[PDB]
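Here's the structure we're looking at; comments come further down.
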Amino acid sequence: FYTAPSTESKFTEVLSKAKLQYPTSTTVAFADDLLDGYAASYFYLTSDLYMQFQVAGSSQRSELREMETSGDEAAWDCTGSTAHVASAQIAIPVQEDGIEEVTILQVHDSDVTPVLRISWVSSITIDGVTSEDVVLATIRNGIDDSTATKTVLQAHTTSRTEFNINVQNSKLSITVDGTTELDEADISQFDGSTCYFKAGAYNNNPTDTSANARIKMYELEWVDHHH
Ligand SMILES: O=C(O)[C@H]1O[C@@H](O[C@H]2[C@H](O)[C@H](O)[C@H](O[C@H]3[C@H](O)[C@H](O)[C@H](O)O[C@@H]3C(=O)O)O[C@@H]2C(=O)O)[C@@H](O)[C@@H](O)[C@@H]1O
Ligand SMILES: O=C(O)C1=C[C@H](O)[C@H](O)[C@H](O[C@H]2[C@H](O)[C@H](O)[C@H](O[C@H]3[C@H](O)[C@H](O)[C@H](O)O[C@@H]3C(=O)O)O[C@@H]2C(=O)O)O1
């Protein structure tokens, strides 16, 4: 009894350029499946026209993974000189009790390293300073370095919020509601890697594994200009 996001043509672009993974990295719907009305409890269109992702469990996800219009998986040079852009209007609801971090957008390499995660967090301590109920950027310092550089981007609100990621020329910038909150962070540690965008709900370190993380996107688009 779920309405498909494909019924809203504002999503045709991203669904044409995506595959849906749930609840692990396994694909449940490729782009043609998504365009042909795919819908489930973890991926459906709400009555006010958001594409809503929901998932329970530690490190479980309901997430779109960037594809090319041609059908190829996106695998763009992470530090290449063309603009690689993702843009989303995201409403982050107040999360269920026991949900402690939800990653909503990513840049991920073609192996096992997330270049960037943008996540909501209940509480985070960065260089000894604790922030509550914030949206964060986490950039991994290297493929062989588990540490990351973390930057608070926004106090959490339930209101629809525009997030833009621009990855270009070995730098990465994030704007939030039009304001630059991470300005040309260096991601040269990903030279020689290939990359792709992800978007949805990726549930990190919950303290209640039955609770659902839930994220809604009113608009979502992404572009990889091949050079
Ligand atoms: O506040 C810190 O910077 C904190 O980060 C700790 O390492 C983190 C790392 O920064 C990052 O958040 C990582 O995120 C995971 C993700 O949660 C998921 O589980 C998957 O593994 O991909 C991501 C990844 O591998 O980058 O999780 C790390 C963690 O320990 O939870 C430490 O560096 C710590 O010293 C520091 O205080
Ligand atoms: O999403 C993350 O940030 C995350 C952090 C962990 O450290 C891992 O890096 C994990 O990476 C995922 C990644 O998100 C993709 O889902 C990826 O999917 C590929 C898998 O090979 C699948 O088997 C599929 O066949 O192709 C997928 C693809 O490239 O699109 O899998 C990794 C992973 O699970 O290690 O998540």
Side-chain angles (χ1 to χ4, degrees), residues 13-14 17-19 21 25 59 61 63-70 72-90 101-121 124-131 134-154 161-202 204-205 215 217 220-227:
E13 172 188 336
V14 74
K17 296 195 272 189
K19 57 177 175 148
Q21 302 177 306
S25 295
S59 298
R61 73 189 77 234
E63 194 164 40
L64 296 175
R65 188 282 201 216
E66 183 195 3
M67 304 292 287
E68 304 291 323
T69 45
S70 52
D72 305 284
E73 286 178 336
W76 37 270
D77 175 358
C78 299
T79 57
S81 69
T82 60
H84 313 91
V85 184
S87 178
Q89 286 180 13
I90 299 175
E101 175 172 16
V102 189
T103 294
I104 69 186
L105 290 165
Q106 305 194 60
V107 181
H108 200 285
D109 83 356
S110 292
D111 196 19
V112 296
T113 305
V115 175
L116 169 69
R117 297 188 297 102
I118 297 181
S119 64
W120 168 81
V121 295
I124 183 93
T125 304
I126 301 164
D127 300 316
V129 179
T130 300
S131 294
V134 295
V135 183
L136 172 72
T138 299
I139 292 179
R140 275 281 301 283
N141 285 328
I143 294 169
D144 305 327
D145 188 342
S146 66
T147 65
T149 297
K150 299 186 167 273
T151 302
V152 176
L153 302 170
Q154 189 201 26
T161 299
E162 183 191 283
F163 290 89
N164 191 272
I165 303 163
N166 180 34
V167 190
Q168 183 166 22
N169 292 325
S170 75
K171 313 293 184 181
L172 185 154
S173 294
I174 303 168
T175 73
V176 180
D177 286 339
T179 293
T180 297
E181 302 289 353
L182 185 66
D183 185 6
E184 293 195 341
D186 178 287
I187 58 152
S188 66
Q189 64 270 24
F190 295 99
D191 280 327
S193 297
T194 55
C195 276
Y196 55 87
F197 292 118
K198 308 189 89 192
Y202 170 34
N204 312 122
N205 296 318
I215 301 293
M217 311 213 171
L220 175 63
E221 64 179 30
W222 50 37
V223 49
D224 166 17
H225 181 264
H226 287 195
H227 149 236

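We're numbering straight along the sequence, starting at 1.
In this structure, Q189 contributes its side chain and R140 its backbone to a donor-acceptor pair below 3.5 Å. One N or O on the side chain of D177 and one on the backbone of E162 form a donor-acceptor pair closer than 3.5 Å. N169 places no side-chain N or O within donor-acceptor distance of the main-chain N or O of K171, the cut-off being under 3.5 Å. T82 places no side-chain N or O within donor-acceptor distance of the main-chain N or O of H227, the cut-off being under 3.5 Å. Checked by atom type and distance alone, the side chain of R117 never pairs as donor or acceptor with a backbone atom of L136 at under 3.5 Å. Of the possible donor and acceptor atoms, one in the side chain of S173 sits under 3.5 Å from a partner among the backbone N and O of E184.
A distance of 11.5 Å separates OG in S110 from CZ in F190, rounded to the nearest 0.5 Å. The CD1 atom of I124 sits 9.0 Å away from the OG1 atom of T130 when rounded to the nearest 0.5 Å. Within the model, atoms NZ of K19 and CD of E73 stand 4.5 Å from one another, a figure rounded to the nearest 0.5 Å. Between the CD1 atom in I104 and the CZ atom in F163 there is a gap of 4.0 Å [rounded to 0.5 Å].
Under the side-chain hydrogen bond (donor to acceptor under 3.5 Å, both in side chains) test applied with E66, the options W76, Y196, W222 reduce to a single match, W76. Each of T103, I90, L153 was checked for a side-chain contact (heavy atoms from CB on, under 4.5 Å) with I118, and the lone residue meeting it is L153.
Taking the side chain as every heavy atom from C-beta outward, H84 and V223 never approach each other to under 4.5 Å. At a threshold of 4.5 Å between non-hydrogen side-chain atoms, the residues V107 and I187 do not count as touching.
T69 and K17 share no donor-acceptor pair across their side chains, judged by distance under 3.5 Å alone.
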